[PDB]
Each structure stands twice: as structure tokens, then as C-alpha cells.
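Below: one protein chain in two forms, given as C-alpha cells, structure 1 then structure 2.
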Structure 1
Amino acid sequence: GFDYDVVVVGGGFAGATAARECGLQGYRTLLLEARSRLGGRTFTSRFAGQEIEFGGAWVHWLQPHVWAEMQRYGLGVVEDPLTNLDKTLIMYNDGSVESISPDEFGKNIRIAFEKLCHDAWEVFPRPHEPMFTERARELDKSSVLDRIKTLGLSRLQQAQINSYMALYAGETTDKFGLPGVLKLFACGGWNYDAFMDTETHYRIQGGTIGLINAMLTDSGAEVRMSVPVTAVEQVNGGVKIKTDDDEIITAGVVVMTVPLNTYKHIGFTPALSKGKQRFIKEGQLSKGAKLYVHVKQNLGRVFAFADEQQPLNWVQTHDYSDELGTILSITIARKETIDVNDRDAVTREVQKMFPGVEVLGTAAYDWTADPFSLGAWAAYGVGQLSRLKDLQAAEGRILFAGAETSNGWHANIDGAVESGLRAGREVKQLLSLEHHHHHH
């Protein structure tokens, strides 16, 4: 006799996917979102008269779950200008910037990446079962920097691969766990060209908020925003959910999809398992932020890397024309490295990378400052991947989802969608009337 059959906490892709599965099963589904908006770590906004993505933006057909969703809801891709580049730059730790011909830039980053993932085939023959091989659990004691040191690359190759890996870490490469990178590379077909195509090339048509809205509208679930959940208590046959205004909402099952780094805001009765509590105390590495810069000059199609001691770690063209100028999509590995609020400062840094450009605008999202992300994409530290199931395991009638809890594209939208599907399966298992299956 609970208020709802299932309550999904979080309006991200994991929460929307879970709510859609549960909703189309006929359950009474309620979704609670702490922010006043949906999308979670994806954020569709506006800047310089265009639609932009402050968070997750790019998907690919080699990512199975999100692509299946796009086929279901009839969404294709929108291509960003990543081919036929006009300029390619590398900024080293000292701040010097070197312009390289795009062809040799691509060949060097290809060589560096493929040498860093030389054993991806043998370590991860099944990327969606990450602990399948004993050499993978055994390589969870090493960082990305540890391998980079043994690669023996050129100065430019090491700078590029360290910029890539620092960006994916949201931190310096000494803290970044190696198996997660090997596993993501394996997810993209064990081939650098395809994997690179998966990461920053194609956006969702109508925006990520379009797919979120498609799933939640299809679900028929009730969606409540500006309702943060502060505590969850398991009772017999159900759960009691308490919000920051102390209401009580009772449910048969609750699916937790909040980011790992935010679990400290919610109290659980009884306390979670020691493994899950340890994961909550370590959290996840990324400290990233996203910045868009509108410049009056037309720079064409530009791509740039910047090493971990510089702020503009990933630079890419969003749109360009004589009329417009250029809109730059920039991803920052660590928010500490730049005051994205001091716009002389970001202008100085931009002009440090592109000399003499007049800046017309920027807009930036600091995912570290947001109390409901407290970090950016999922980035596993050393030794964390091996304990991943400790995060996935259900605790009573509390299910756990989110990109951090996925087996495949854990740093991506696809991982969130996957965890949402798994959450829907487990919800069906708990609310199942005749045939009850809960293996592992």
C-alpha cells in the first residue's frame, strides 16, 4: 500500500532509462530530480545564438544502448567539424604552443594511443565483462602514467596522450587507473580510429534533452523537480524516501541514479555495505568543467591539446563562419587550473593558445561546484575498477544505477543508459509476481 511502485532518484540518462522501463511495465513510477532541470550531467543550453551542450554531448553507433534508444525514438546524429581540420595545436606544460600539420598530428596521436593500448585485445576480450581476464584485475594496480613512462614516446606524442588521458581522468595522469582506459578502447572495437570517432564527433539530434524528454514522456511516469532526496530508509516490503523538506514518500523499490560523488548527501538506513561505503568515501576522480568561447575571427576547423598543467585541455571547433566568427568547444580536465569566472583570465588563456583573437563571449559550466554532480564524467582511480560490482550490488529494495555503475561506456551517456536498463530489469525482478529471479 505504498505511494508508488518504484521511485527513481535522478533525472539523468540512467534515471530516465530506468523510469521508461518501469513505466512501460505498468508500474506506478515516480521520478525525483534535485535540480530544477532534467539531464543531470547533460545540459542543453544556448550560447552565441546557438544550441550548446554543457555536459555530455557526443554519442556513436558503436555505443549499443544509447544508439538503440536513438533508433527507438527516431533520433539520428548531428556531425561536428572534426574532419578536414585546418589547424591542430599542442600546448605543453610550460605553456608553449606548437602548430603541427593535422596529418602528422593524427599519426602521432594514433601511434601514442595505440602503444598505450597495445594489450587491449588480450586484457579485455569482453569489454562488457571488465574483470573477465586475470591480467586486467592485475593491471588495476597501475596508473596511466605508469604505462606512459614505459611507452617511450616522442615529446609531442607524450604531450598528446597525456592531454587525452588527463582530460579523461579529470585529474593528473598519476591518479588515473589504466584498466578503465584499456576497457573503453576495447569498447570502441580495439581500434583508435573508431574509438576516436565515438567520443567527440556526433551529437544527438534535437539535443540530449530531446532524448531525455522522449524517454520520460514515453514512460508516463510522474516527474518532480527541485525535490532533493536526503535520506532513504528500508522498511519491510518497501522503502521510505525523505526529501529536504522532510516529506515522506513510500515506495516498493527505489532506484538510486545520483552521481557517486554526491552520495554523501543521502543517509541510508540501514547503512550500505562496506564496499559501497568505501566507494562513496573515495568518490571518483574527475574535476572537469566545460567552456564555450565565441571569437570574432573565423578560425575554421581547429583542434588543440593542452597538457595537464594548462586549462584548455581539449579544444575543438563547434561552429565557424565569417559572419559568426568561431564558437569553440573547450573541455577542462581540472577546474582548479582556470577561473572560468574571470573572463579576462579565460581570454588571456585563449589568446595564449590563439594569439590576437578578440573574444566576443564564453559560457562555462563548473561541474565541480554543482552540489548535485560534484565532479564531471566517471573516472576510475587506481584499483577502483576491480571493486566495481560492490557499487552495482542491490541492497534490499534499493537499486543502484548511473554511468559509474556500468560495465561498458562508463565515462559516457551509453553507460548511464545501460545502467538504467539493468535497473529496470532488477525492478522487474523485485516486483515480479510468479517467477522470482535474483541471481547476483
Structure 2
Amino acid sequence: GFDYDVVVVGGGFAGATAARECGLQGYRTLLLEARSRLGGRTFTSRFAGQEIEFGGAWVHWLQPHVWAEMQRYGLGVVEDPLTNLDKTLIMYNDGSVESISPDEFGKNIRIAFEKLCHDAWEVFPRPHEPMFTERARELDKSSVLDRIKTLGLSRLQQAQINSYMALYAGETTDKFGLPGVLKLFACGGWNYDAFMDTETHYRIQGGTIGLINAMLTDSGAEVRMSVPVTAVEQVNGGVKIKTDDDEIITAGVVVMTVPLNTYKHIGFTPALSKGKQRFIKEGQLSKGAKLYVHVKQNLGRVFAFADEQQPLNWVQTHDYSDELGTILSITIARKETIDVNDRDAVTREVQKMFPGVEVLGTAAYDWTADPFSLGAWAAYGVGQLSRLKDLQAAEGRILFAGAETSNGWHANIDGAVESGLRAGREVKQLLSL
């Protein structure tokens, strides 16, 4: 007596995957997306006459779940040739910028990274079972900064790795859970070069939006946008779903794939488990934002790290020419450090790194301000990883997915896909046993 067998909440990779699994089993399926677009924390846009990625975009064949889907839908990779860099810069907490030879810059980040992840084999022999070893559980008492303090790195090496880890945290490294970081490294074959190959090297042919829609089309599911879910209530036979318009939708089961930081917007009746409530109140620690700057000058192929007390923590050349100038792709760990949508504030901070540049224009997506992300990529705080089951657990007729709920590449498109396959299996169990 329901409108649908399955309602999937959220049109990111986790929801699109869950919808495709449910739809192909014959279940009448609906996907409700709060924004007026699909993709979630993946979003391809346009800036200065060129395509840009405001959110997630980069994949790799070491990421098993997204790669299998690419082969199901016959999508290849689109390589970002990483080239020989013209410039590598480090900006320290005090704001001083230093130019390093790219080969010595690369050597020192590898030393720091390999020292940071020296024990990945022992802690995560099975990276897709994060709590398999007691050492992983014990490490969940430490932050990343706890480890960095013991590694005896140089001032350069520490700034490099701390900027890198603050990026992965979307936060200062004293708050960043350490096992989450090692686990990702382990997922990449416990190997520096293999893991690095996954970071910003390959994109999906046809974009992330193509794969999401390839799955949703395959699913046959009904898709509705601009429909934020305000409450989910467990009532006889199914669940009852409240949009904003005081529209009411019935389903046998609901798959929630919303970002953890947005559970704040949704009333649950009855109340969810106390372990899950503790997670919703904690949230995830990323406060990242994405920004593109078009400068008049041709700066060539640049790369920069900026330490956590500075705003432009990750700078890369997206494209360059004497005609164009330079389009810089910038990721900001913490949106406290700058207002990416205030252009003069952006202009001063870019000039601190490349003095005397002229900014023609800027484009920014403040993920932490967006009510339907309120944060960026998944980043676990201290002690959160060892309780991941509490967030994964089904709650009666409510199932939970999303990249935060995956076991493997939790900071990635792939963890989102992984959670979608899990949710689809759980739907089948609930609806069919």
C-alpha cells in the first residue's frame, strides 16, 4: 500500500548506485534529491571558457567498485597528463613562501608520506575491514598530528605532509583521525606510487554526471529533484517521507545516502539508535571548499602546498597559455581561513603566493556553506573510525549509505559506490529475505 517499493534519498553516487541495484531487481524505486541537480559532492561546471570540477572527479582502477561500474557501462578514463612541473611552492604557517626544485619537492613529500604510513601493512592487512587488527583500534586514539610529531621530519617535510593531511582532514591535523589516513594508503596497494596515481590523474569519460545518469537510466527509477526530505517516519509496512512542501510519500524501505553532516535537517521517528545519534551529532570533520582563479599571467605548470594556518592549501595549474594566462585549481582545507566567494579576499591570498599577479576572475563552490553538504569529502575525527558500524547499521526499515559509511575508499567516489551496493543488498533482504 505504498507509492514505491524503494525510496532512495540523495542523488549522489551512493544513491544512484543504490537506485540501480533496487531498480534492476524489479522494485518500484524513487530517488529524492534535495538540490536542483544530481551529483552531490561531484559537480562539473564551467569557468573561463573551460570545464572545471568543483567536487569529486578523479578515479582509478585500484578503486574496485567505481572501476567495475565503468566497465559495466563501458566508460574509459580521461587522463590529466601531470607533466613536468615548472614550479613547486610551500607556504608555511607564518605565511612565508619558498620555491623548491620539483624533484626535491617530490622527494621530500615521498619521505614524509612513507614515514607517516610506514605501518600500513601491519595495521591494515585488510583495508576493507578497517577494524580487523587491534592495532587499528588502538591507533584510533591518536590524531595525525600525534604521529607527525614523532617522525623527526625536517621543517619542509613537516609542512608538506601537514598541509597534505590538513587537506585530507578539511581541518587542522590535531583533530584528524590517523587510521582513516593509513587505511586509504593501504587501499592503494600499501604503496606510495600506486596510491599517488589515484589522486588527480584519471577522470571518467563522460564525467561523473554521466556515470550517475547511466546508473539511474539503467535502474528505471523515478527521479525527483528540488525535494529536500525533512522527516522520515517508520509507519506500518514501510516508512513515511516528508518533503518541504508538506508532501507525503510512502515506501516499504528508505535508503538514506545524504552526507552525515546533513542529518541535522531530517527528523527521524522513531529515534535512531544511540550509536547512530552520536555520529550525527559528531558529524565528519571536513570544512573544505573549492576555488578556481584565472590570472592574466602565464605561470606555467605550478603546484603549491600551504600549511593549515593558511588558506590556499592545495594549488595546481589547471591550464596555462600566453593567450589564456593561468587557471589555478585551489582546494581549501578550512573555509574559516577564507571566504572563497569574496574575490578581493581571494585576490590578496593569491598574491601572497604569486606576488604581483592580476586576477581576472574567480569561481568557487563553498561545500561547507551548502546546506546539503555542510562539509566536503568524508574525514573522520579521532575515535570515529572504530565506531563505523554504528553509522552503517540499518534502523528498522531505514538503510544508510554514503561515502562516510563505506569501509574502503571512504574519501572517494568509490566508497560512495561501495555503500550503494551494500544498501541495494540490504534492500533486497528487507523486501524479500
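Take the two forms, superpose them, and find the largest set of C-alpha atoms that agree within 1.5 Å; that set is the rigid core. Reference numbering: structure 1, starting with residue 1.
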Core-aligned CA shift between structures 1 and 2 for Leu82 (Å): 2.2
Rigid-core-fitted C-alpha displacement of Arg72 between structures 1 and 2 (angstrom): 1.4
Core-aligned CA shift between structures 1 and 2 for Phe400 (Å): 0.1
